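Chemist: Sequence first, structure after; it's an experimental one.
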Amino acid sequence: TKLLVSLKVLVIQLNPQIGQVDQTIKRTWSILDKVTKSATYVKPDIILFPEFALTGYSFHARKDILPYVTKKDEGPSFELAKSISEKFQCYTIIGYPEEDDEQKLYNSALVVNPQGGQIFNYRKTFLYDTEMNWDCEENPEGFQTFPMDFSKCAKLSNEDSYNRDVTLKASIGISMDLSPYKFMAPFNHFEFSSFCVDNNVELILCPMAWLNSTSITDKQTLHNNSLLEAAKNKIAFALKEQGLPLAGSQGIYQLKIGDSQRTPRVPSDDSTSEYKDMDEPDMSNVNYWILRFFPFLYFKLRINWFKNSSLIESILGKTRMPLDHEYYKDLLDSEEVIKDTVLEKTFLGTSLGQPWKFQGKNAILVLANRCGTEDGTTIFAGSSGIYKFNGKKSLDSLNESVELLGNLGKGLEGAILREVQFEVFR
């Protein structure tokens, strides 16, 4: 049986600065208030916030992030998501700094149902250089999936309305999860992308604090005060020329609610990474974000790979997580049988029994990336948007195996709403 699902996704893009939690709370209610007053407004089934959407991101010490850490079921972040879910009758996913009863710190993103009850708490699996500053911890469970009960969102292929309930097998990824492990692992791996394809993920939620390539990331520059001074002056002029403060744009909201304005497919080049046109998305990152989801993208060479039986040594040898990951604290030789899970495993989008496993299926990707600037050196690309993988039969936005349902600006706070329509198999 094949169910048709119609979901109403709402993504919030904020510019949270460290020490302005309450002010970010106020601006958030200001955005949601404007969203409901939209001409083409509809009640969202799921609302997604960026990574650390209320506290800020660039923390340099554990002592600094301590005043903002909360339990998974306590604090401003949890209270906000609970109020939103109860006020909109939807799921709320927001990134927050977490701390357990063992005094351990995490980069987490909590989830609340329409009833106002926390149904899931996810920890960041792959850590970024910034998490190392405040002694963050890798997700001991690694990549995870969870079910989401949506009411009146599905229907049969011959019905005239969505009066049926559907339990989607969701999955959350936090920025660095999309990148190669520690920026050192092979690019061809695609950890998080493979994990979602392997476990047949249908809805992908990605809270992010992704950077713009114009940011200062060079290590020898960040630790050379002479070079760092001249490097920060460049960032200062970049924002001053745009008529923006060093912290970034706040208060001025970009609202794309209800409209069906799709994002233009543009290839990567020079000036696609330039921090200009704050109402326009960052196609350099959008193309990169799509590339990181290669297993969901159509690729012609998969036929030759499956035929020549390539990657099978990669599929079998493929482990769940990196061996040196916190997750851990030959079938060809053995006489043990091949389990279903092994046949579900994939590499580069190819499986042991099929050239393109995702082929024929659909999946919804929701990226909620923050905007603004921090430390006068870190610029976030923003460009929050929603994507659809049709799985129908090009390693960027030019590939028509993915649908760009809409994106936000690279440097403006706002919220985008889209009525995503895909299909599922039960």
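Modeler: That came through, no problem. Numbers count the residues shown, from 1 in each chain.
Chemist: tell me which element residue 120 falls in.
Modeler: strand 118-123 (DSSP states H and E).
Chemist: Which residues outside that strand are in contact with it?
Modeler: 72-73, 78, 82, 98, 106-113, 137-141, 144, 146, 148, 172, 174 (C-beta atoms under 8 Å, 6 or more residues apart in numbering). No exception for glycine: its C-beta is placed from N, CA and C like everyone else's.
Chemist: so what's the backbone phi/psi at residue 326?
Modeler: phi -60, psi -20 (degrees, to the nearest 10).
Chemist: In strands, which of the contacts of strand 118-123 fall?
Modeler: Applying DSSP state E to the contacts of strand 118-123, the entries found in strands are 98, 106, 107, 108, 109, 110, 111, 112, 146, 148, 172.
Chemist: from those, which would you call buried?
Modeler: 98, 106, 107, 108, 109, 110, 111, 112, 148, 172 (16 or more other C-beta atoms under 10 Å).
Chemist: Closest one to residue 287 out of those, please.
Modeler: Checking these against residue 287 by C-beta to C-beta gives residue 172 as the nearest, at 22.4 Å.
Chemist: isn't that closest one right next to residue 109, touching?
Modeler: Yes: assessed by C-beta atoms under 8 Å, residue 172 is found in contact with residue 109 at 5.7 Å.
Chemist: partners of the helix or strand hosting residue 150, with directions?
Modeler: With secondary structure defined by DSSP H and E, residue 150 is part of strand 146-155. Using DSSP bridges, the strands paired with strand 146-155 in its sheet are strand 2-13 (antiparallel), strand 164-172 (antiparallel).
Chemist: Quick check: which of these is buried the most?
Modeler: strand 2-13 (a mean of 22; mean count of other C-beta atoms under 10 Å).
Chemist: next helix or strand past that one?
Modeler: Next along the chain from strand 2-13, counting by DSSP H and E, comes helix 21-36.
Chemist: Can you give the contact residues for that next one?
Modeler: With C-beta under 8 Å, 6+ apart as the criterion, helix 21-36 contacts 10, 12, 14, 16-17, 41, 53-55, 68, 76, 80, 84, 88, 250-251, 253, 255, 257, 413-415, 417.
Chemist: Which ones among the residues you listed map onto strands?
Modeler: Reading strands off those with DSSP E, I get 10, 12, 253, 255, 257, 413, 414, 415, 417.
Chemist: Which of the residues you listed has the largest number of neighbours?
Modeler: Most neighbours among those, by other C-beta atoms under 10 Å: residue 413, with 28 neighbours.
Chemist: Can you name the residues that contact that residue?
Modeler: 13, 14, 15, 27, 31, 249, 250, 251, 252, 253, 254, 371.
Chemist: again with residue 51
Modeler: If you count contacts by C-beta under 8 Å, 6+ apart, residue 51 has them with 57, 95, 107, 109, 124, 174, 175, 207, 208, 209, 369, 370.
Chemist: can you state the direction angle for the host helix or strand of the second one and strand 118-123?
Modeler: Taking DSSP H and E as the criterion, residue 95 maps to strand 91-99. Computed with axes from the mean of the first three to the mean of the last three C-alpha atoms, to 10 degrees, the direction of strand 91-99 lies at 50 degrees from that of strand 118-123.
Chemist: Packing partners of strand 91-99?
Modeler: If you count contacts as 3 or more C-beta pairs under 8 Å, 6 or more residues apart in numbering; DSSP states H and E, strand 91-99 packs onto strand 46-48, helix 76-88, strand 105-112, strand 203-208.
Chemist: JSON lines please, covering the ones you listed and showing distance to residue 364.
Modeler: Output for these, formatted as JSON lines (distance: least, C-beta to C-beta, whole Å):
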{"stretch": "strand 46-48", "distance to residue 364": "10"}
{"stretch": "helix 76-88", "distance to residue 364": "19"}
{"stretch": "strand 105-112", "distance to residue 364": "16"}
{"stretch": "strand 203-208", "distance to residue 364": "5"}
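Chemist: any idea how far residue 381 is from residue 116?
Modeler: 32 Å (C-beta to C-beta, to the nearest Å).
Chemist: actually residue 162, not the one I typed
Modeler: Residue 162 is 34 Å from residue 381, by C-beta to C-beta.
Chemist: quick one: which of the two has more around it?
Modeler: Between residue 162 and residue 381, counted using other C-beta under 10 Å, residue 381 has the larger neighbour count: 28 against 20.
Chemist: For residue 215, find the nearest of the helices and strands packed on strand 91-99.
Modeler: strand 203-208 (14.0 Å).
Chemist: Show me what the helix or strand just after the closest one is packed up against.
Modeler: Using DSSP H and E, the helix or strand that follows strand 203-208 towards the C-terminus is helix 219-222. With contacts defined as 3+ C-beta pairs under 8 Å, 6+ apart, helix 219-222 has these neighbours: helix 225-240.
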